[PDB]
Structures are given as C-alpha cells and as structure tokens.
C-alpha cells in the first residue's frame, strides 16, 4: 500500500487546505502517514518550512481559541477522540473577513487542515478526551501568547455554531469575551 493524500482547497476560506491520508487497517489497528516533505511541503510558499510538532491533550467541553499570529502556517488534526475544528478568516483585508469553517475531526474522519498566517485557530473537545496534533511552519522564533492575537469564541460578528454556551476556557479566552 503506497502512502497517499487527497488534497483540496476549502470552497469557503481561500488558502485553507483539507488533507486526507490513506490508512493500512488490520486486526491490530491502523497505520498512517500524517506528513512527508515530498508530498505536502509544496503547499507552503516563500521558503517557509514545517519545523515544529506539538500535542495538546484536553477534556470534554474544553474550547481553546480563537488564536492566531502574523507569520505561522498550521497543519492541525485530532489523532484520538473528536474535536470541532473551526478556522476563522482573521485577514482584515480579506473579502471573507470573520467567516468560518468547521471540520469535525477524529480517527474516523482523519482530515488535516492547513491554515495560512493571520487566521483564527480554535477547537472544542466533543469526546471525553482528545489529542490534538499541531505542526507549525514559520521563519525565526516561536510566537507564544504575547505575540498572538485573540478573538472571543462567542464573537457576535463571527457567530460560530458551538455545542455549548458554557465551555471550559482559559483566562486568555475568558478575557477575550470583554
């Protein structure tokens, strides 16, 4: 079985890609390739390279977001459990400024979503627990919280469909409400 990906651009947000890998499934479970340079590196222009791998473990009803920065490309998926992955267009000069797109991602719907820079990244844990896998492509230093922007999960201009009005939020994401 050769390593494969189905690759398509979003019909809703320009620059967002939906990447679906094949899987070898047997009685032991499943094997799959999330990324290779040769297959996926050509999706990111101007010399910017994936150089950073992160994992985020979270409980049911947790919502992290909406976070973004001016330079980082992100490739995101859920490798255990299930998340409501929401991409928001945070490019003020974009015609789809504050439009959004939801992908319900799990091992049964194993999409990886590519976000260009200046986009809003968020996810809501709809399983008892979830593992979010997160590859970052950027020049220079990692932009931690102080060098990221934040939109409120419940911003009335974006009007995202979320399965709750009382998510488990961090101080940063609560303070974005006011």
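Residue numbers count along the first chain shown, from 1.
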11-19 versus 166-174 - greater average Cα B-factor per the deposited record
166-174
Stretch exceeding the other in mean C-alpha B-factor - 154-162, 20-28
154-162
If you compare 142, 50, 35, 55, which has the highest Cα B-factor in the entry?
142
Per the deposited B-factor column, the C-alpha that peaks among 39, 138, 132, 60 belongs to 60
Sorting the chain's CA B-factors, does residue 102 end up in the lowest, middle or highest third?
lowest
Within this chain's modelled residues, let me know which third the CA B factor of residue 74 belongs to: lowest, middle or highest.
lowest
Mind checking which third residue 92 falls in for C-alpha B-factor across the chain?
highest
Among all modelled residues of this chain, ranked by Cα B factor, put residue 122 in the bottom, middle or top third, i.e. lowest, middle or highest.
lowest
